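In the block that follows, a single chain appears as C-alpha cells, in the form deposited in one PDB entry.
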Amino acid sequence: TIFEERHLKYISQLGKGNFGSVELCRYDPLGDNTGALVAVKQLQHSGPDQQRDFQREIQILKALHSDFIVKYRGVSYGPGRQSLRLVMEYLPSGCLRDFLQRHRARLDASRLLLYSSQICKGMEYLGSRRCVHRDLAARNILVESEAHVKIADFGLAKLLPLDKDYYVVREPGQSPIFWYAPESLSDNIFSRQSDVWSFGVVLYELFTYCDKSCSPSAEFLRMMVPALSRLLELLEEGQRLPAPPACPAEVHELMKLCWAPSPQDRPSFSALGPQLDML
C-alpha cells in the first residue's frame, strides 16, 4: 500500500473539487507502459489546513470496505510522515453525471433505481462508520460498470464523535448551494440526516439523467436578497424541485420525504434502502 513517487506516471486529469484533484496515472515500476492504471488524488497546492484535512480524508477512505465505496489502494509520501497522494482504483467509465448524460437513451428506470439502491447502501455503510459525507452529489459517484456505482470522493467527509450526532462548521461552505439541507444553509449544521437531504437531490439528478436544462442549479435559479437567502426562503415556504420529466410517482414521493424540512422527519438510509429495492 506504499506507492513510490518515481513509478507514478502522469497521464490525464480525471476531476477536481475542494482544493484537490484526481489524476489518471499508470503505476509503472517496469517503465514499459504495462503497469496498472490508478486514480491518484492530491492537493492542487500546499496548504497547512488542507494537509491536515487530507490526512484525515485518507484515514477515512482507508477504513472503508464496501462494494459501494471506491477502493483505497494506498498512499505515496514525500517528507515523512507527509502524505503526498491518495491512490485509488481507476474505473474508466468515470463520473456518474457524465455517464448518465451520455448513456441516457440506453438506461431505463430500473437501472436508475439500481444505482439509487447502491448509493443508498454506500451511505448506510458510511453512517454506520459515524461518517458524514457533506458533499453527496452525482459528481462524486463513480461508475464501475453499467450495473454498479460507487461513492468515490470524501474531500469534505467528517467523523462524528461518539457523543454528538452532528458537526457545525464555522464558516459557510463553498459547494454549490443547491444540494444543501436548510439547516446547513441557515446554520452550517451537517449530519447524516443532511446527507439524506442531499441524497434526495441525487435521486433528482439520476431521474433527470443530470440534464443541464433542469439541473438543481438551473431549476432552483429559475424558481428563485442574496441567492442563499432566496433559496432558504424558497425552501422554508415548502417549495421543492419539481418531479423530473417522466419520474415514477413513487420515486418523486421518496425525494419529497428526503426533503422534509426538519432533519428528524427525513427517513434513514436504513429505511430508504428496502423501499428502493422494492421499486
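Here, rigid core means the biggest group of C-alpha atoms that superpose within 1.5 Å across both forms. Residue positions are given as counts along the sequence shown, with the first one as 1.
Another form, the form deposited in another entry, is not on view; read the next lines as being about it.
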Given a superposition on the rigid core, I'd like a yes or no on whether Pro263 shifts its C-alpha by 2 Å or more between the shown form and the other one. no
Note yes or no: does the Cα of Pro242 move by 2 Å or more between the shown form and the other one after the core is superposed? no
At a 2 Å cut-off on C-alpha positions, does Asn33 qualify as shifted between the shown form and the other one after fitting the rigid core? yes
